[PDB]
Amino acid sequence: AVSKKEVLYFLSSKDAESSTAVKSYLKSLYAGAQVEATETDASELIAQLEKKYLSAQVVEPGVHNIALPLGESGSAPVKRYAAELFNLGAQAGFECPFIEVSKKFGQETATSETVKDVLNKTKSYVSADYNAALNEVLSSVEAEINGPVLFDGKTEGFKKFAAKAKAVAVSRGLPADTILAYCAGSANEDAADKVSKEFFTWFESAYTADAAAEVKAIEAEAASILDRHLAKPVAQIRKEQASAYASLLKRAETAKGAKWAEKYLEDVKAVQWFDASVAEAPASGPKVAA
Amino acid sequence: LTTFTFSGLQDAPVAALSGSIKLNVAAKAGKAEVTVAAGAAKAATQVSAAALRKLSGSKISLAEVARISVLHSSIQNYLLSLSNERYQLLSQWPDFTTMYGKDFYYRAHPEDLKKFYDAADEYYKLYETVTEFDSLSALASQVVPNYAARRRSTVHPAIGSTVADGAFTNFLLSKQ
Amino acid sequence: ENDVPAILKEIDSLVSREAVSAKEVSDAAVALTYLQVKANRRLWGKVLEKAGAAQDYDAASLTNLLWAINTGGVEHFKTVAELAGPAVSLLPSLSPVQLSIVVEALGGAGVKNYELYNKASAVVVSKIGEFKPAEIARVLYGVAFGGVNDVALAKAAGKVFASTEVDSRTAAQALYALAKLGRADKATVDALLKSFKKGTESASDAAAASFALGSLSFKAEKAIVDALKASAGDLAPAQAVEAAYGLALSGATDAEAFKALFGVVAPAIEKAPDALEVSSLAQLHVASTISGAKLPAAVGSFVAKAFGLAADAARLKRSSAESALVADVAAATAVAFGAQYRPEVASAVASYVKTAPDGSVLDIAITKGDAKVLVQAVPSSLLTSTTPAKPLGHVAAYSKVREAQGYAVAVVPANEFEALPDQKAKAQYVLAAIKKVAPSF
Amino acid sequence: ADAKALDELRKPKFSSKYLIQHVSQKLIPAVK
Amino acid sequence: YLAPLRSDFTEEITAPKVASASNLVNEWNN
Amino acid sequence: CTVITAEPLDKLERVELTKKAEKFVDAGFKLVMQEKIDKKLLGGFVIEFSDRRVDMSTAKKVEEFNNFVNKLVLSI
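If you're matching them up, the sequences are chains 4, 7, 2, T, 1 and P in order. Position one of the first sequence corresponds to residue 5 (the entry's author numbering), numbered consecutively onward. Position one of the second sequence corresponds to residue 15 (the entry's author numbering), numbered consecutively onward. Position one of the third sequence corresponds to residue 5 (the entry's author numbering), numbered consecutively onward. Position one of the fourth sequence corresponds to residue 40 (the entry's author numbering), numbered consecutively onward. Position one of the fifth sequence corresponds to residue 23 (the entry's author numbering), numbered consecutively onward. Position one of the sixth sequence corresponds to residue 154 (the entry's author numbering), numbered consecutively onward.
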């Protein structure tokens, strides 16, 4: 079973084996058994660590139930894949991904003094094609200031920097005006409706470019693995794939008592049973008890 | 779906668009008579407007019975649809069995006949490896783990370049 | 002359070939809805597989296909969301009845496609008299459950709801849409309540309208309560429990109504306790504590545990700005009861974190001896979208279900908490909000 | 034996989920 | 068909490193 | 002495900090204090005696926690 801080994550997830374990947990609840008390302790580092290591347990069954739109025609298959990834993110506890990476910039640059510290300590969480375009404008404003541009906002030099960072930002293709006015909010919602429309149509364009870029990478990686695979004769392919499968089976059989090796061999028995069920009735597929 | 649906016998479909199955409704104010024509069988049913509202109560909740996963089935599907692209241009190789005769032998130069025989064996090697279709089920299992490690991030699964650029501009151009 | 298994085998051998066109799979889906064949699933799966498999789509085949996917109630997010390609690409080529059906069916499955919802909302607001009011309620349902907070279509909808009488189905769908949007626009709700006069032709419309006026927390009309207590056999457990939740949140004391609604679901929950999601079990526990409708003895303690599981689930998935709000409000609470220096504040806020009796963890819970007060934070998701900026009915439900546990809940909304510029100001705001509801502390 | 279930088959098989659960169960009692 | 199970968390948000579409098809046409 | 903090001290924070830093003189000495503000501490306190330092600030606590988490995941 669980330690009951796992099981509060698995209530809203619609994955399969989380649902089966949580239905057995609710069945044990029905027969006069009590819930365990949530430990109201484990200060913020343990809270973020356990959150990070228990959101993996909801994204990782959730990724493998998401079918890629590899080589499909149009745009809307990528929108299916990216909407299903957004739904997986909302079921694993993460927020809307824009505000999630904005939260990460708030976590990384809480205590930065100058804009050069901002472009240093957040280099990995932003594109380098944009980070170089910001470091050049940082040097350009740094030459006229002849001092580091401090991270306040009251500065005139920071305003001259931001007026060209907005310029390179709209030069990249994202309209910075609608994004700043959306996340900065307005009072009357009828005047904010159009800026929410513009932010969302950019944001839909943006996450489709994200998911389609990952799909282009998977397309090229599968094409490269196949183009290296079709150069081999079948003797090398057969002995190679049988040896690699037997090596991973021996590696997952060297571990005993651990849960992951036991579940590994259990799912190996599942795929052997699936081959037997497709062999018994090739017109209907697998036998599913209804 | 949501817990409530708001459709049924109101702006409903009236006819069929195919001849493979024919559908004729007789929708009255209280009930409806759907006499559907389908092959050699035929059914004439009776549903009311509040009888279709009892449809979406217990939801269907479809799922995909897969061999390994739905992700790995999709990558294996793409590998098979690439092997079709390769196989279609092994379908346009010229026949050489029309030139296996001994009349083309002794008119042929020895080096060029040897290179023709090695070319034919090279075609047989290509065609034997491009139709090893049982190897794709493991060939896609090397594309999966880097992809699964790229969706298992510390921030969000579907996060990437341009959304991080938009939030970087939104983070920078605000007042500090 | 009428034989259903032969025609089911016909439709199974209909779309088991290789090259099914759009019309064949569309009419196969419509023909499966018109026979009510929810009992059989693999034939439905063949229909959905061939529906996602075909590439050509004209207007009427896609409209009939998504109508059948909606009315049959199949949820398969991949094949429904892959219909949005032709749904976008045929958008001026769709008639307004087709446009309302397609946008409603893609909204019902939660297809996150902002292009389709923008290019449907502009077609609504640019041609409004072209659309019947039921068509506007369908587009509002679709754009509301599709995750778009669009207000222009909501006001153009409320205009037509103000001008012309609509069916109770249309008003019920539109109220459900505005309850998903969280508007609580009274100037439209008072119009849309006036379609529940002749009695609704269904029970699902009355149930979703009751949950709509529960989540907006307006009032029970005593017509929809009568139409619900007089028609509560035609509701699923997820529909009837949601109706009882909306009925208790709208402040109903009609115990025969809640008894007739729990008579649906207590044999259902006693049949399979694990079929329903724990959100609806917590909603059942809310409806069973607010109206006081009693349940069987193995159901009451079990859903009492389920509410604790749901509260801790919403706590662990706190949206990290609400957690900032809980930190700030608990700081203001620890200041208002006396802690001026910051380690005193930290120790008090770290000691304000007791557990409820049902196992759940309370964020700000003070005990002055024998009475207990609770400070609650209503961040942004439980607010409305209109300029009064009031909380929704879920936090009033939480206040009522904690006030049954011996607590005196003081609600601190974040629309008012975020105006104050200093911590003495927020301390006086939280102390006035506590001292209004539990003045003895 | 044959015809297992439906919910036994919707499980994505060779996902991780259990290396991570084992890492968490041998991490958090060792880091508290 | 089975994969090595990796449990590691990608910290960097980067472009996904598209590979080069290889020269197998031009080789087979050659 | 020299005490470093993220914010200026409150007057009760000062007396708790004085009691916690007078534990670290190995005599009957009446050591004085000197407050300084460095923002790269995230709360806590650093006692700079110029002979012995104690880094109880949470910048080094979160750094040491990240190093301990990284030292377990390469072993497990």
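From the three backbone atoms N, C-alpha and C, an ideal C-beta is built for every residue, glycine too.
Going by DSSP, name the residue or residues bridged to residue 154 (chain 4).
-> Counted from its first residue, the first sequence places residue 154 (chain 4) at position 150. Its beta-bridge partners are 118 (chain 4).
Hey, residue 437 (chain 2) and residue 12 (chain 4): beta-carbon distance below 9 angstroms or not?
-> If you number the third sequence from 1, residue 437 (chain 2) lands on position 433. If you number the first sequence from 1, residue 12 (chain 4) lands on position 8. Against a cut-off of 9 angstroms, the Cβ pair of residue 12 (chain 4) and residue 437 (chain 2) comes out as no contact.
Closest residue to residue 35 (chain 2) among 166 (chain 7), 61 (chain 7), 116 (chain 7), 167 (chain 7) (Cα-Cα distance) = Along the third sequence, read from residue 1 onward, the residue named residue 35 (chain 2) stands at position 31. Taking only the C-alpha atoms, the option nearest residue 35 (chain 2) is 61 (chain 7).
Alpha helix (DSSP H) segments (min. 4 residues) lying fully within the region 179-234 of chain 2 | Runs of the alpha helix (DSSP H) lying entirely within the region 179-234 of chain 2, each at least 4 residues long, are 190-196, 208-219, 228-233 in chain order.
Contacts of residue 408 (chain 2) in chain 7 (Cβ-Cβ under 7 angstroms) = As a first step, residue 408 (chain 2) must be located in the third sequence, where it is residue number 404. Simply none; closest approach about 25 angstroms.
Cα separation between residue 95 (chain 7) and residue 50 (chain 1)?
-> The residue labelled residue 95 (chain 7) in the question sits at position 81 within the second sequence. The residue labelled residue 50 (chain 1) in the question sits at position 28 within the fifth sequence. Between residue 95 (chain 7) and residue 50 (chain 1), the C-alpha separation is close to 18 angstroms.
To the nearest angstrom, how far is it from the Cα of residue 99 (chain 2) to the Cα of residue 133 (chain 2)?
-> By 1-based counting over the third sequence, the position of residue 99 (chain 2) is 95. By 1-based counting over the third sequence, the position of residue 133 (chain 2) is 129. The straight-line gap from Cα to Cα measures roughly 14 angstroms.
Could you tell me if residue 69 (chain 4) is buried or exposed, where buried requires 16 or more neighbouring beta carbons within 10 angstroms of its beta carbon?
-> The count along the first sequence starts at 1 and reaches residue 69 (chain 4) at position 65. Buried, by the Cβ-count rule.
Buried or exposed: which applies to residue 230 (chain P), given that a residue is buried once 16 or more other Cβ atoms fall within 10 Å of its Cβ?
-> In the structure as shown, chain P begins at 154 and stops at 229. Residue 230 (chain P) is therefore absent and cannot be evaluated.
May I ask you to report which of helix, strand or coil DSSP gives residue 411 (chain 2)?
-> Here the question's residue 411 (chain 2) lines up with position 407 in the third sequence. Here residue 411 (chain 2) sits in strand by DSSP.
Pull up the distance between the alpha-carbon of residue 206 (chain 4) and that of residue 178 (chain 4), whole angstroms please.
-> Here residue 206 (chain 4) is taken as the residue at index 202 of the first sequence, counted from 1. Here residue 178 (chain 4) is taken as the residue at index 174 of the first sequence, counted from 1. Going from the Cα of residue 206 (chain 4) to the Cα of residue 178 (chain 4) covers about 7 angstroms.
With residue 37 (chain 2) as the anchor, note down where its alpha helix (DSSP H) starts and where it stops.
-> Mapped onto the third sequence, residue 37 (chain 2) falls at position 33. First-last of the alpha helix (DSSP H) with residue 37 (chain 2): 26-37.
Chain T within 9 angstroms of residue 233 (chain 4), Cβ atoms only | Along the first sequence, read from residue 1 onward, the residue named residue 233 (chain 4) stands at position 229. No, residue 233 (chain 4) does not count as interfacial toward chain T.
So is residue 84 (chain 4) in contact with chain 7 if we call contact Cβ pairs under 9 angstroms?
-> Counting from one through the first sequence, the residue named residue 84 (chain 4) turns up at place 80. Residue 84 (chain 4) does not count as touching chain 7.
Taking the alpha carbon of residue 112 (chain 2) as the point to measure from, which residue in 126 (chain 2), 118 (chain 2), 84 (chain 2) has its own alpha carbon closest?
-> On the third sequence, residue 112 (chain 2) is found 108 positions in, with the first residue counted as 1. Residue 112 (chain 2) has its Cα closest to that of 84 (chain 2), out of 126 (chain 2), 118 (chain 2), 84 (chain 2).
Could you work out which residue in 55 (chain 4), 234 (chain 4), 254 (chain 4) is closest to residue 26 (chain 1) when comparing CA atoms only?
-> Numbered from its first residue, the fifth sequence carries residue 26 (chain 1) at position 4. Cα-wise, what sits closest to residue 26 (chain 1) is 254 (chain 4).
Enumerate in chain order the residues of its own chain whose CB-to-CB distance from residue 293 (chain 2) is below 6 angstroms, with the five nearest sequence positions on each side excluded.
-> Looking up residue 293 (chain 2) in the third sequence gives position 289. Only 405, 408 meet the Cβ criterion.
What three-state label does DSSP hand residue 166 (chain 2) in the structure shown?
-> Stepping through the third sequence from its first residue, residue 166 (chain 2) is reached at position 162. Helix.
DSSP state of residue 47 (chain 1), grouped into three classes?
-> The sequence position of residue 47 (chain 1) within the fifth sequence is 25, counting from 1. The answer is helix: DSSP assigns residue 47 (chain 1) an H, G or I state.
Apart from the five residues on each side of it in sequence, which residues of its chain come closer than 6 angstroms, Cβ to Cβ, to residue 224 (chain 2)?
-> Here residue 224 (chain 2) is taken as the residue at index 220 of the third sequence, counted from 1. So the list reads 254, 256, once near-sequence residues are dropped.
Using 8 angstroms as the threshold, is the region 53-68 of chain 7 in touch with the region 102-115 of chain 7, meaning 3 or more CB pairs across them?
-> no
Using a Cβ-Cβ cut-off of 8 angstroms (strictly less than) and excluding sequence neighbours within five positions of residue 44 (chain 7), which residues of its own chain qualify?
-> For this step, residue 44 (chain 7) is matched to residue 30 along the second sequence. Here the set comprises 62, 63.
Exposed unless 16 or more other CB atoms sit within 10 angstroms - verdict on residue 262 (chain 2) | Position 258 of the third sequence, counted from the start, is the residue given in the question as residue 262 (chain 2). Result: buried.
Completely contained beta strand (DSSP E) runs for the region 230-272 of chain 2, where each covers 3 or more residues = none
Taking only beta carbons into account, state which residues of the region 154-169 of chain P come closer than 9 angstroms to chain 2, listed in chain order.
-> 160, 163, 164, 165, 166, 169
Which partner residues of residue 378 (chain 2) appear in the DSSP bridge assignment?
-> Position 374 of the third sequence, counting from 1, holds the residue named residue 378 (chain 2). Partner(s): 369 (chain 2), 413 (chain 2).
Where does residue 19 (chain 4) land, buried or exposed, given buried means 16+ other C-beta within 10 angstroms?
-> The residue labelled residue 19 (chain 4) in the question sits at position 15 within the first sequence. So residue 19 (chain 4) counts as buried.
Excluding the five sequence neighbours on either side, which residues of its own chain have a C-beta within less than 6 angstroms of the C-beta of residue 362 (chain 2), listed in chain order?
-> Mapped onto the third sequence, residue 362 (chain 2) falls at position 358. Correct list, in chain order: 308, 312.
Selected residue, minimal CA-CA separation from residue 197 (chain 4), among 345 (chain 2), 152 (chain 2), 284 (chain 2), 175 (chain 2) = Numbered from 1 along the first sequence, position 193 holds the residue referred to as residue 197 (chain 4). Minimum Cα distance to residue 197 (chain 4) is reached at 152 (chain 2).
Tell me which same chain residues have a C-beta within less than 7 angstroms of the C-beta of residue 289 (chain 4), skipping the five on either side of it?
-> Taking the first residue of the first sequence as 1, we reach residue 289 (chain 4) at position 285. Closer than 7 angstroms at the Cβ level, and outside the excluded window around residue 289 (chain 4), lie 282.
Does residue 47 (chain 1) get closer than 9 angstroms to chain 7 when you measure Cβ to Cβ?
-> Residue numbering aside, residue 47 (chain 1) sits at position 25 when the fifth sequence is read from its first letter. For residue 47 (chain 1), the answer is yes, since a Cβ of chain 7 falls inside 9 angstroms of its Cβ.
Count the CB pairs spanning the region 271-286 of chain 2 and the region 232-243 of chain 2 that are closer than 8 angstroms, and state whether there are at least three.
-> yes
What is the DSSP secondary structure of residue 105 (chain 2), reduced to helix, strand or coil?
-> One-based indexing of the third sequence puts residue 105 (chain 2) at position 101. Helix, per DSSP.
Presumed contact (8 angstroms Cβ cut-off) between residue 364 (chain 2) and residue 315 (chain 2), rounded CB distance = Numbered from 1 along the third sequence, position 360 holds the residue referred to as residue 364 (chain 2). Numbered from 1 along the third sequence, position 311 holds the residue referred to as residue 315 (chain 2). Contact holds; Cβ gap of about 4 angstroms.
Residue 1 (chain 4): buried (16+ other C-beta within 10 angstroms of its C-beta) or exposed?
-> Residue 1 (chain 4) falls outside the range modelled here, since chain 4 spans only 5 to 294, and no answer is possible.
Nearest-angstrom Cα distance between residue 54 (chain T) and residue 162 (chain 7)?
-> Along the fourth sequence, one-based indexing puts residue 54 (chain T) at 15. Along the second sequence, one-based indexing puts residue 162 (chain 7) at 148. Cα to Cα, residue 54 (chain T) sits roughly 8 angstroms from residue 162 (chain 7).
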